[PDB]
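Following: one structure in C-alpha cells, then a few remarks.
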Protein chains: 2
Amino acid sequence: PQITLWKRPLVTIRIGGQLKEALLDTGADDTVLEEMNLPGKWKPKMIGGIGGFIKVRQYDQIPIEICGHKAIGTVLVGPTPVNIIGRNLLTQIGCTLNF
Amino acid sequence: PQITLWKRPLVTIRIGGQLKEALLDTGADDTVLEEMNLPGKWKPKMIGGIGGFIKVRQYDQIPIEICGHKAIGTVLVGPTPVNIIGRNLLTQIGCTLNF
Ligand SMILES: CCC(CC)CN(C[C@@H](O)[C@H](Cc1ccccc1)NC(=O)O[C@H]1CO[C@H]2OCC[C@H]21)S(=O)(=O)c1ccc2c(c1)OCO2
C-alpha cells in the first residue's frame, strides 16, 4: 500500500500465531513489542529511546506477517509505550519513504 | 525522492537559521529538535517514548525546510538525542510510506 501520515501508520501484524496492532516506525532501528510470550531462546538486551534506556528480551529469527507481507527477524520484547515495527523489518517488507 | 531504510532516514533541515540533520520519523506524532535557543513564545510539554518522558518547549508556527521542501508548524525543543521530524511536518512535505 501507500500510507499517508495524517494518522498514525498502524497496521495489523501476526506473530507467534496472534494478531496485534503495531506502528510502522521509521525512526526505530529495531522492532519492539509490548510484553508478550514468544517461544524459544532469548537474550537480555538494553535499548535507548527518547526518555532513557529499557531492558528488553531479544528473540532472533522470528517470523512476523506485517500488513500481509512476510518478515523473519529480530524482535525485542519489553516496556515500549506501543508496539513498533522498526527498520530491521521495514526493509524486509520493502518499505520506503517517498515524497 | 525515495528513501530506503537500510540506514537511518536522516536528512538536512533548516530551522531558526541553523542547518541540522534530522530523522524522517513516521513513529513521531510531533517534531522534536535538540536544544536550541529559539526566539518567541512557547508552552511546556512532556512527551513520552522508550525510557519515559522528557520535558520540551513547544513553539508554534515555526518555518522549517526539510530536504528542500518548505514546512511550517509546531516544533518541540528539548533534550532529545536526535532531531526528529514527525508526522505534523511529514504530511506537509508530501511524505508517504510505500510497500
Ligand atoms: C510512541 C512511539 C515512539 C516510541 C517507540 C515515539 N518516538 C519516535 C521513535 O521513532 C523514536 C525516535 C528516536 C530515535 C533515536 C533516539 C531517540 C528517539 N525511536 C525509538 O524509540 O526507537 C527505538 C527502537 O529502535 C531503536 O533505534 C532508535 C532508538 C530505539 S519518540 O522519539 O519517543 C517520540 C517522538 C515524537 C513524539 C513523541 C515521541 O510523543 C509525541 O511526539
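Here the Cβ is made from the backbone with ideal geometry for all residues, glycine too, and neighbour counts use every protein chain on show. Rule-based calculations on the coordinates, nothing more; no lab input.
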| remark: Over the stretch B:15-42, the set of residues more than 16 Å from the ligand (Cβ to nearest atom) and not in a strand (DSSP E or B) is B:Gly16, B:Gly17, B:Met36, B:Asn37, B:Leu38, B:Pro39, B:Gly40, B:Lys41
| Restricted to the stretch A:75-99, and to residues that are more than 7 Å from every other protein chain (Cβ to nearest Cβ) and assigned to a helix (DSSP H, G or I), which residue is farthest from the ligand (Cβ to nearest atom)? | A:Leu89
| remark: Of the candidates A:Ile72, A:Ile50, A:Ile64, the one satisfying the condition of being within 16 Å of the ligand (Cβ to nearest atom) and away from chain B (no Cβ under 13 Å) is A:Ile64
| query | Of (1) touching a residue at least 12 places away in the same chain (Cβ under 8 Å); (2) within 19 Å of A:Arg8 (Cβ to Cβ); (3) not aliphatic (A, V, I, L, M), B:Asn83 satisfies all except one. Which? | reply | (2)
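Got a sec? Which of B:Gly16, B:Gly48, B:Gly68 is farther than 25 Å from A:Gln92 by Cβ, crowded, with 16+ Cβ neighbours inside 10 Å and not charged (D, E, K, R)? I'd like the intermediate steps shown before the answer.
On the way: B:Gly48 fails: crowded, with 16+ Cβ neighbours inside 10 Å; B:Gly68 fails: crowded, with 16+ Cβ neighbours inside 10 Å.
Sole residue among the options that is farther than 25 Å from A:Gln92 by Cβ, crowded, with 16+ Cβ neighbours inside 10 Å and not charged (D, E, K, R): B:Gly16.
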| remark: Selection from the stretch B:61-84 of residues among the aliphatic types (A, V, I, L, M) and within 14 Å of A:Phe99 (Cα to Cα) yields B:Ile66, B:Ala71
